[PDB]
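K.L.:
Before I ask anything, let me first share the structure, which is written out below as structure tokens.
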Amino acid sequence: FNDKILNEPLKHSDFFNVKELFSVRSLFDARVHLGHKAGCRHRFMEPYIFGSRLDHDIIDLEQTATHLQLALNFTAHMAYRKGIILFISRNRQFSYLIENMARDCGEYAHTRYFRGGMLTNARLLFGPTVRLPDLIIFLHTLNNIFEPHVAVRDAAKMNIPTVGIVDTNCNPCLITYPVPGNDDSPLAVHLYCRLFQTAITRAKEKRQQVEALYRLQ
Amino acid sequence: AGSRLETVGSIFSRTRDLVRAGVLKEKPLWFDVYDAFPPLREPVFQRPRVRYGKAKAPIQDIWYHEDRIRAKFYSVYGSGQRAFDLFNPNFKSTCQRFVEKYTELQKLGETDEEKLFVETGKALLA
Amino acid sequence: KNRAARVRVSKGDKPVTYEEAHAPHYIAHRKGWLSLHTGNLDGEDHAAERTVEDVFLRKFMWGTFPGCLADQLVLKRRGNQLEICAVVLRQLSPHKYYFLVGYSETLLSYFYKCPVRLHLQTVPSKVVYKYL
RNA sequence: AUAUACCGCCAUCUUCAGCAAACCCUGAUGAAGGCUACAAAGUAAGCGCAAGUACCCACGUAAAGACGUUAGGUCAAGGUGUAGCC
Ligand SMILES: C[NH+](C)c1cc(NC(=O)CNC(C)(C)C)c(O)c2c1C[C@H]1C[C@H]3[C@H]([NH+](C)C)C(O)=C(C(N)=O)C(=O)[C@@]3(O)C(O)=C1C2=O
Ligand SMILES: [Mg+2]
Ligand SMILES: [Mg+2]
Ligand SMILES: [Mg+2]
Ligand SMILES: [Mg+2]
Ligand SMILES: [Zn+2]
């Protein structure tokens, strides 16, 4: 009968009202639409790009809004069902922000040099009975040589769903929920951290509410 | 077990096929969330490729009508000492003043561009 | 290369005891001696026949407690009290053990003509210091 | 008789630093390969150097120096397979 605290959110669409945390104006002022140049583009990001202004590409914010809805819904549902959400980035200007965001929530953050086999040779590297993360959220999909991160391939190899902010120079290919958006501006990255932190915290408090209600019932 | 073939399909397709066969006995935590709210595109591997012949990107260049006059303004009356702010929404630069006044007269009813330009030039001079 | 008392490295599956593991350059730096007889000091006469009897004892007790001596013996020699302290395993029956103790206990007394005493020390399995 | 069957005990590179179980990734899942600390797939038990010991110091000298190389040296130190003599 606990299949009502693990099946109910899954028939309510937007069970966590995550649709009231972001608007195409909030994103526009966070400067999410600003992308890279036509010379740093990706063929697979071409379907998400509104167009090019002065050889500087811009991302379609309606598509960003729909993708961000789906992403934040998924993140809220995994945080409710008590997964492990690992936030991965290689920025160096936002490492402090991502680790502090994980610690203000209760999820985890890899912001440092990804050692080979972290998710793949995981039992040998950590211990025989380790729980690998049930959702990896990349705030920046590229590494510091401007190439896709090992984790995006190894998360897929290990069948861990991935939510990721894909900019113009990124490969939205092996990312389950791509969110077309700027990740080079402090306001944009701050808004992403704020949105994901709020989703995860609201999800965990709602999980506690339904467990309390069913325990009293 | 699991399928570490990241290239054949998606994590959803691989996991669904393996739990149908009966080798993944427990379903993962994320499978029902995927089956409830799937993404707009299943994450299947696609190899990037270089366009070679007469293949061009579908991305267009953003050009509005005001830019015909914007380009003309900078040409004659260059960028003034009134500097752009950019940090504040609703910033109305001097060139924006010019295009708004010019577009005003246009709506009112004028015809040749040079006459339009001199009239809005005296208008901003006032 | 030096090949004196050095058990070479196999593949990491070779049980080996402290004694066998240490090489001859650790002979009293880490190991010590398996036979404590006084003849090898500065002034004494009979050290040669002590060693001739020493190798005899090692091989007699090796063939008389067949396949139960875990590691090698400690042939100490104070007064006329030769001692054959042992580390013998726990597989054969205790009546057989006490028998070979008595048999040796008297036979080396009548071979060497002095008190000879065996103080066995039973151990479950042959010990492993490291796997080489 | 065969060191070209060997144990044993050594020479030599070595007045070296490598040899590596077990995994993982890359190469369209080929022989193979796995580097960037403002970091791009490598993680590593074990042996070796190192460390600790001997001599007068922490210096120097000793000892030590793996995996393998050279069918390198010895059936004559001893033991010994194979073939032989009685
Ligand atoms: C004729 N060659 C092919 C040969 C044959 C045998 N043994 C046999 O084939 C005999 N086999 C039978 C007994 C019939 C079963 C051999 O046994 C040998 C050798 C080569 C020698 C060469 C030696 C030589 N030494 C004496 C100065 C030399 O130049 C070196 C060296 N590295 O300095 C050697 O390698 C040598 O010493 C050597 O090992 C040989 C043989 O052992
Ligand atoms: Mg030497
Ligand atoms: Mg030397
Ligand atoms: Mg040393
Ligand atoms: Mg030869
Ligand atoms: Zn970027």
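Labels used: A, B, ... for chains in the order of the structure tokens, numbers from 1 for residues in each chain, and numbers from 1 for ligands as shown.
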How would you report the residues lying within 9 Å of ligand 6, as a list in words, if you count only C-alpha atoms (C1' of nucleotides) and all ligand atoms?

P.N.:
residues 35, 36, 140, 141, 142, 146, 166, 167, 168, 169, 170, 182, 183, 184 and 185 of chain A

K.L.:
Would you mind listing what lies within 10 Å of range 2-15 of chain C as a ChimeraX atom specification, with only C-alpha atoms (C1' of nucleotides) counted and same-chain residues fewer than 4 positions away left out?

P.N.:
/C:19-25,126-132 /D:8-10,20-21,45-47,64-67

K.L.:
What would the file look like if the residues just selected were written as a PDB file, in the first residue's frame with C-alpha atoms (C1' of nucleotides)?

P.N.:
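The file below, part_30.pdb, is the result:
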```pdb
ATOM      1  CA  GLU C  19      61.439 -17.854   8.149  1.00  0.00           C
ATOM      2  CA  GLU C  20      61.250 -18.810   4.457  1.00  0.00           C
ATOM      3  CA  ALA C  21      60.351 -15.229   3.431  1.00  0.00           C
ATOM      4  CA  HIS C  22      63.420 -13.565   4.978  1.00  0.00           C
ATOM      5  CA  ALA C  23      66.632 -13.775   2.935  1.00  0.00           C
ATOM      6  CA  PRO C  24      70.161 -14.504   4.270  1.00  0.00           C
ATOM      7  CA  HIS C  25      71.043 -10.830   4.642  1.00  0.00           C
ATOM      8  CA  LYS C 126      50.651 -23.937   8.361  1.00  0.00           C
ATOM      9  CA  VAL C 127      51.071 -20.244   8.989  1.00  0.00           C
ATOM     10  CA  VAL C 128      51.294 -17.593   6.274  1.00  0.00           C
ATOM     11  CA  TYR C 129      53.349 -14.400   6.707  1.00  0.00           C
ATOM     12  CA  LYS C 130      52.831 -13.221   3.125  1.00  0.00           C
ATOM     13  CA  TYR C 131      51.564 -14.556  -0.203  1.00  0.00           C
ATOM     14  CA  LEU C 132      54.304 -14.423  -2.872  1.00  0.00           C
TER      15      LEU C 132
ATOM     16  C1'   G D   8      71.503 -26.226  -6.262  1.00  0.00           C
ATOM     17  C1'   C D   9      74.738 -21.683  -6.137  1.00  0.00           C
ATOM     18  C1'   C D  10      76.191 -17.616  -9.360  1.00  0.00           C
ATOM     19  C1'   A D  20      52.887  -6.572 -12.127  1.00  0.00           C
ATOM     20  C1'   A D  21      47.619  -9.943 -10.173  1.00  0.00           C
ATOM     21  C1'   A D  45      47.347  -5.517  -4.172  1.00  0.00           C
ATOM     22  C1'   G D  46      52.391  -7.779  -4.595  1.00  0.00           C
ATOM     23  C1'   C D  47      58.114  -7.936  -5.853  1.00  0.00           C
ATOM     24  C1'   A D  64      70.745  -5.070  -1.369  1.00  0.00           C
ATOM     25  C1'   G D  65      69.087  -4.790  -6.777  1.00  0.00           C
ATOM     26  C1'   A D  66      62.904  -7.795  -8.869  1.00  0.00           C
ATOM     27  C1'   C D  67      60.879  -9.675 -13.926  1.00  0.00           C
TER      28        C D  67
END
```

K.L.:
Against chain D, which residues of chain B fall within 12 Å? For each one I want the closest pair of atoms and the distance in Å (one decimal), counting only C-alpha atoms (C1' of nucleotides), rows by chain and increasing residue number, as a Markdown table.

P.N.:
```
| residue | atom | partner | partner_atom | distance |
| --- | --- | --- | --- | --- |
| B:4 | CA | D:25 | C1' | 11.6 |
| B:5 | CA | D:29 | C1' | 10.6 |
| B:7 | CA | D:28 | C1' | 10.8 |
| B:47 | CA | D:28 | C1' | 11.5 |
```

K.L.:
Could you dump the residues just selected with N, CA, C and O atoms as a PDB file, in the first residue's frame?

P.N.:
```
ATOM      1  N   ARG B   4      26.110  -1.872 -21.038  1.00  0.00           N
ATOM      2  CA  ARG B   4      27.004  -0.726 -21.180  1.00  0.00           C
ATOM      3  C   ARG B   4      27.244  -0.373 -22.634  1.00  0.00           C
ATOM      4  O   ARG B   4      28.301   0.146 -22.999  1.00  0.00           O
ATOM      5  N   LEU B   5      26.267  -0.663 -23.488  1.00  0.00           N
ATOM      6  CA  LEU B   5      26.306  -0.281 -24.892  1.00  0.00           C
ATOM      7  C   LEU B   5      25.566   1.046 -25.019  1.00  0.00           C
ATOM      8  O   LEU B   5      24.373   1.105 -25.309  1.00  0.00           O
ATOM      9  N   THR B   7      25.679   3.179 -27.248  1.00  0.00           N
ATOM     10  CA  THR B   7      25.521   3.618 -28.625  1.00  0.00           C
ATOM     11  C   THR B   7      24.339   2.987 -29.350  1.00  0.00           C
ATOM     12  O   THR B   7      23.917   3.517 -30.381  1.00  0.00           O
ATOM     13  N   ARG B  47      26.369  10.134 -34.247  1.00  0.00           N
ATOM     14  CA  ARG B  47      27.731  10.555 -34.540  1.00  0.00           C
ATOM     15  C   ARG B  47      27.707  11.888 -35.273  1.00  0.00           C
ATOM     16  O   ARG B  47      27.017  12.007 -36.292  1.00  0.00           O
TER      17      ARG B  47
END
```

K.L.:
Nearest residue to ligand 4 out of D:39, D:50, D:71, D:83, using only C-alpha atoms (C1' of nucleotides) and all ligand atoms?

P.N.:
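For ligand 4, the nearest of the candidates is D:50.
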
K.L.:
Please identify all protein, DNA and RNA residues within 8 Å of ligand 5, counting only C-alpha atoms (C1' of nucleotides) and all ligand atoms, and report them as an MDAnalysis selection string.

P.N.:
chainID D and resid 3:4 71:72

K.L.:
Could you dump the residues just selected with N, CA, C and O atoms (P, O5', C5', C4', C3', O3' and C1' of nucleotides) as a PDB file, in the first residue's frame?

P.N.:
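What landed in result_23.pdb:
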```
ATOM      1  P     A D   3      75.655 -30.220 -23.142  1.00  0.00           P
ATOM      2  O5'   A D   3      74.884 -29.252 -22.144  1.00  0.00           O
ATOM      3  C5'   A D   3      74.729 -29.610 -20.764  1.00  0.00           C
ATOM      4  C4'   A D   3      74.244 -28.422 -19.985  1.00  0.00           C
ATOM      5  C3'   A D   3      75.084 -27.152 -20.169  1.00  0.00           C
ATOM      6  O3'   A D   3      74.441 -25.950 -20.651  1.00  0.00           O
ATOM      7  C1'   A D   3      74.757 -27.646 -17.863  1.00  0.00           C
ATOM      8  P     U D   4      72.855 -25.678 -20.567  1.00  0.00           P
ATOM      9  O5'   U D   4      72.241 -26.622 -21.691  1.00  0.00           O
ATOM     10  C5'   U D   4      70.831 -26.877 -21.694  1.00  0.00           C
ATOM     11  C4'   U D   4      70.464 -27.939 -22.700  1.00  0.00           C
ATOM     12  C3'   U D   4      71.483 -29.053 -22.933  1.00  0.00           C
ATOM     13  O3'   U D   4      70.800 -30.307 -22.843  1.00  0.00           O
ATOM     14  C1'   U D   4      70.791 -28.122 -24.994  1.00  0.00           C
ATOM     15  P     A D  71      71.938 -17.907 -26.220  1.00  0.00           P
ATOM     16  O5'   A D  71      71.452 -18.777 -24.976  1.00  0.00           O
ATOM     17  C5'   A D  71      70.238 -19.544 -25.038  1.00  0.00           C
ATOM     18  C4'   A D  71      70.205 -20.531 -23.903  1.00  0.00           C
ATOM     19  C3'   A D  71      71.497 -21.322 -23.702  1.00  0.00           C
ATOM     20  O3'   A D  71      71.856 -21.361 -22.329  1.00  0.00           O
ATOM     21  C1'   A D  71      69.664 -22.795 -23.899  1.00  0.00           C
ATOM     22  P     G D  72      73.382 -21.246 -21.915  1.00  0.00           P
ATOM     23  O5'   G D  72      73.737 -19.702 -22.187  1.00  0.00           O
ATOM     24  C5'   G D  72      74.843 -19.364 -23.050  1.00  0.00           C
ATOM     25  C4'   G D  72      75.984 -18.781 -22.251  1.00  0.00           C
ATOM     26  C3'   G D  72      76.593 -19.670 -21.159  1.00  0.00           C
ATOM     27  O3'   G D  72      77.609 -20.520 -21.677  1.00  0.00           O
ATOM     28  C1'   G D  72      76.036 -17.570 -20.242  1.00  0.00           C
TER      29        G D  72
END
```

K.L.:
Restrict the distance test to only C-alpha atoms, flag each residue of chain A within 10 Å of chain B, and return the flagged residues as number ranges by chain.

P.N.:
A: 6-7, 9-14, 29, 38, 42-44, 46-58, 66-67, 70-71, 73-75, 77-78, 81-83, 120, 134-135, 153-162, 171-178

K.L.:
Could you give me, as a PyMOL selection string, each residue of range 7-38 of chain B that DSSP assigns to alpha helix (DSSP H) when run on this structure's backbone?

P.N.:
chain B and resi 11-21+31-36

K.L.:
Output N, CA and C atoms for every residue in the selection just made, as an mmCIF file, in the first residue's frame.

P.N.:
```
data_model
loop_
_atom_site.group_PDB
_atom_site.id
_atom_site.type_symbol
_atom_site.label_atom_id
_atom_site.label_comp_id
_atom_site.auth_asym_id
_atom_site.auth_seq_id
_atom_site.Cartn_x
_atom_site.Cartn_y
_atom_site.Cartn_z
ATOM 1 N N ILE B 11 18.939 4.616 -22.695
ATOM 2 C CA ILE B 11 18.911 3.923 -21.410
ATOM 3 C C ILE B 11 17.523 3.354 -21.155
ATOM 4 N N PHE B 12 16.487 4.083 -21.581
ATOM 5 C CA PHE B 12 15.113 3.608 -21.475
ATOM 6 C C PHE B 12 14.890 2.343 -22.290
ATOM 7 N N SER B 13 15.320 2.351 -23.554
ATOM 8 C CA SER B 13 15.094 1.208 -24.432
ATOM 9 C C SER B 13 15.856 -0.016 -23.945
ATOM 10 N N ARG B 14 17.114 0.183 -23.543
ATOM 11 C CA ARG B 14 17.922 -0.918 -23.027
ATOM 12 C C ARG B 14 17.327 -1.498 -21.750
ATOM 13 N N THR B 15 16.918 -0.629 -20.819
ATOM 14 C CA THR B 15 16.371 -1.097 -19.551
ATOM 15 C C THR B 15 15.023 -1.779 -19.743
ATOM 16 N N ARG B 16 14.178 -1.235 -20.624
ATOM 17 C CA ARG B 16 12.883 -1.840 -20.909
ATOM 18 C C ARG B 16 13.050 -3.222 -21.524
ATOM 19 N N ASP B 17 13.962 -3.346 -22.493
ATOM 20 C CA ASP B 17 14.195 -4.637 -23.127
ATOM 21 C C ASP B 17 14.766 -5.654 -22.149
ATOM 22 N N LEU B 18 15.684 -5.234 -21.277
ATOM 23 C CA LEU B 18 16.259 -6.167 -20.318
ATOM 24 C C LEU B 18 15.291 -6.575 -19.212
ATOM 25 N N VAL B 19 14.439 -5.668 -18.721
ATOM 26 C CA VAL B 19 13.434 -6.094 -17.748
ATOM 27 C C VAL B 19 12.314 -6.888 -18.405
ATOM 28 N N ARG B 20 12.111 -6.741 -19.716
ATOM 29 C CA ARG B 20 11.182 -7.622 -20.412
ATOM 30 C C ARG B 20 11.759 -9.023 -20.543
ATOM 31 N N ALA B 21 13.034 -9.119 -20.892
ATOM 32 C CA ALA B 21 13.648 -10.453 -21.005
ATOM 33 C C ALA B 21 13.607 -11.103 -19.625
ATOM 34 N N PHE B 31 12.977 4.443 -13.915
ATOM 35 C CA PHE B 31 12.252 3.909 -15.064
ATOM 36 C C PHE B 31 10.803 4.365 -15.084
ATOM 37 N N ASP B 32 10.130 4.330 -13.938
ATOM 38 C CA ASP B 32 8.734 4.737 -13.897
ATOM 39 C C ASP B 32 8.580 6.240 -14.078
ATOM 40 N N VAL B 33 9.560 7.025 -13.624
ATOM 41 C CA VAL B 33 9.526 8.461 -13.872
ATOM 42 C C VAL B 33 9.721 8.762 -15.352
ATOM 43 N N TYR B 34 10.590 8.008 -16.033
ATOM 44 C CA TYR B 34 10.708 8.151 -17.483
ATOM 45 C C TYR B 34 9.400 7.766 -18.165
ATOM 46 N N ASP B 35 8.816 6.635 -17.766
ATOM 47 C CA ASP B 35 7.599 6.154 -18.410
ATOM 48 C C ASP B 35 6.408 7.064 -18.143
ATOM 49 N N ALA B 36 6.447 7.844 -17.066
ATOM 50 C CA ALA B 36 5.406 8.831 -16.802
ATOM 51 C C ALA B 36 5.647 10.122 -17.582
#
```

K.L.:
Neighbours of range 57-68 of chain C within 7 Å (only C-alpha atoms (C1' of nucleotides); same-chain residues fewer than 2 positions away dropped), as an NGL selection string?

P.N.:
:C and (53-55 or 70 or 88-89 or 100)

K.L.:
Using only C-alpha atoms (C1' of nucleotides) and a distance of at most 9 Å, pull out the residues of chain A that contact chain D, as a list in words.

P.N.:
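So the contacting residues turn out to be residues 92, 113, 114, 115, 116, 117, 120, 121, 122, 124, 125, 143, 144, 145, 147 and 150 of chain A.
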
K.L.:
Would you export the selected residues with N, CA, C and O atoms as a CSV table (one decimal), in the first residue's frame, please?

P.N.:
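And here is the file that came out, part.csv:
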```csv
chain,number,residue,atom,x,y,z
A,92,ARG,N,35.2,26.0,-12.4
A,92,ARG,CA,36.3,26.6,-11.7
A,92,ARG,C,35.9,28.0,-11.2
A,92,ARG,O,36.4,28.4,-10.2
A,113,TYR,N,38.6,17.1,-10.9
A,113,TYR,CA,39.1,16.3,-12.0
A,113,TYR,C,38.5,14.9,-11.8
A,113,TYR,O,38.7,14.2,-10.9
A,114,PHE,N,37.6,14.5,-12.8
A,114,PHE,CA,37.0,13.2,-12.9
A,114,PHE,C,38.0,12.1,-13.1
A,114,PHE,O,38.6,12.0,-14.2
A,115,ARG,N,38.3,11.3,-12.1
A,115,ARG,CA,39.2,10.2,-12.3
A,115,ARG,C,38.5,9.1,-13.1
A,115,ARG,O,37.3,8.9,-13.0
A,116,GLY,N,39.3,8.4,-13.9
A,116,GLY,CA,38.8,7.5,-14.8
A,116,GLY,C,38.3,6.2,-14.1
A,116,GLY,O,39.0,5.6,-13.4
A,117,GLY,N,37.0,5.9,-14.4
A,117,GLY,CA,36.4,4.8,-13.7
A,117,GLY,C,35.6,5.1,-12.5
A,117,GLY,O,35.3,4.2,-11.7
A,120,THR,N,32.4,3.8,-13.4
A,120,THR,CA,32.4,2.6,-14.2
A,120,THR,C,33.2,1.5,-13.5
A,120,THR,O,32.7,0.4,-13.3
A,121,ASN,N,34.4,1.8,-13.0
A,121,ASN,CA,35.2,0.9,-12.1
A,121,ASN,C,34.8,1.3,-10.6
A,121,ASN,O,35.7,1.4,-9.8
A,122,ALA,N,33.5,1.4,-10.4
A,122,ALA,CA,33.1,2.1,-9.1
A,122,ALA,C,33.2,1.1,-7.9
A,122,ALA,O,33.6,1.6,-6.8
A,124,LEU,N,35.4,-1.3,-7.5
A,124,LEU,CA,36.8,-1.4,-7.1
A,124,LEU,C,37.3,-0.1,-6.6
A,124,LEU,O,38.2,-0.1,-5.7
A,125,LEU,N,36.8,1.0,-7.1
A,125,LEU,CA,37.4,2.3,-6.7
A,125,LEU,C,36.9,2.8,-5.3
A,125,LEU,O,37.6,3.4,-4.6
A,143,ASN,N,34.1,19.8,-20.6
A,143,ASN,CA,35.3,19.9,-19.7
A,143,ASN,C,36.1,21.1,-20.1
A,143,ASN,O,35.7,22.0,-20.9
A,144,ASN,N,37.3,21.2,-19.6
A,144,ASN,CA,38.1,22.4,-19.7
A,144,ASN,C,39.0,22.4,-21.0
A,144,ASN,O,39.7,23.3,-21.3
A,145,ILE,N,38.9,21.3,-21.8
A,145,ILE,CA,39.4,21.3,-23.2
A,145,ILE,C,38.3,21.4,-24.2
A,145,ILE,O,38.5,21.1,-25.4
A,147,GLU,N,35.5,19.8,-24.6
A,147,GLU,CA,35.0,18.5,-25.1
A,147,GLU,C,34.0,17.9,-24.2
A,147,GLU,O,33.9,18.4,-23.0
A,150,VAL,N,33.5,13.0,-19.6
A,150,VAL,CA,33.5,11.6,-19.5
A,150,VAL,C,32.2,11.1,-18.9
A,150,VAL,O,31.7,10.1,-19.4
```

K.L.:
To one decimal in Å, tell me the separation between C1' of residue 54 in chain D and CA of residue 26 in chain C.

P.N.:
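Taking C1' of residue 54 in chain D and CA of residue 26 in chain C, their separation equals 10.9 Å.
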
K.L.:
For each of D:33, D:79, D:68, D:60, take the minimum atom-to-atom distance to chain C, counting only C-alpha atoms (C1' of nucleotides), then give the residue where this is smallest.

P.N.:
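The answer is D:68, which sits nearest to chain C.
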
K.L.:
Go through chain D and flag each residue having an atom no more than 12 Å from ligand 3; for those, report the closest pair of atoms plus their distance in Å to one decimal, using only C-alpha atoms (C1' of nucleotides) and all ligand atoms, ordered by chain and rising number, as a tab-separated table.

P.N.:
```
residue	atom	partner	partner_atom_place_in_ligand_line	distance
D:14	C1'	ligand 3	1 (Mg)	10.4
D:15	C1'	ligand 3	1 (Mg)	10.7
D:61	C1'	ligand 3	1 (Mg)	10.1
D:62	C1'	ligand 3	1 (Mg)	7.4
D:63	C1'	ligand 3	1 (Mg)	6.9
D:64	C1'	ligand 3	1 (Mg)	7.9
D:65	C1'	ligand 3	1 (Mg)	9.6
```

K.L.:
Rounded to one decimal, what separation in Å do you get between CA of residue 136 in chain A and CA of residue 188 in chain A?

P.N.:
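If I compute the distance from CA of residue 136 in chain A to CA of residue 188 in chain A, I get 19.3 Å.
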
K.L.:
I'd like the contact shell of residue 103 in chain B - 12 Å cut-off, only C-alpha atoms (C1' of nucleotides), skipping same-chain residues fewer than 6 positions apart - returned as a ChimeraX atom specification.

P.N.:
/B:65-70,96-97,109-111,113,116-117,119-120

K.L.:
Which value, in Å to one decimal, gives the distance between CA of residue 77 in chain C and CA of residue 36 in chain C?

P.N.:
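These two atoms are separated by 5.9 Å.
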
K.L.:
Just the strand (DSSP E) stuff from range 89-153 of chain A, please, per backbone DSSP, written as an MDAnalysis selection string.

P.N.:
chainID A and resid 108:110 135:138
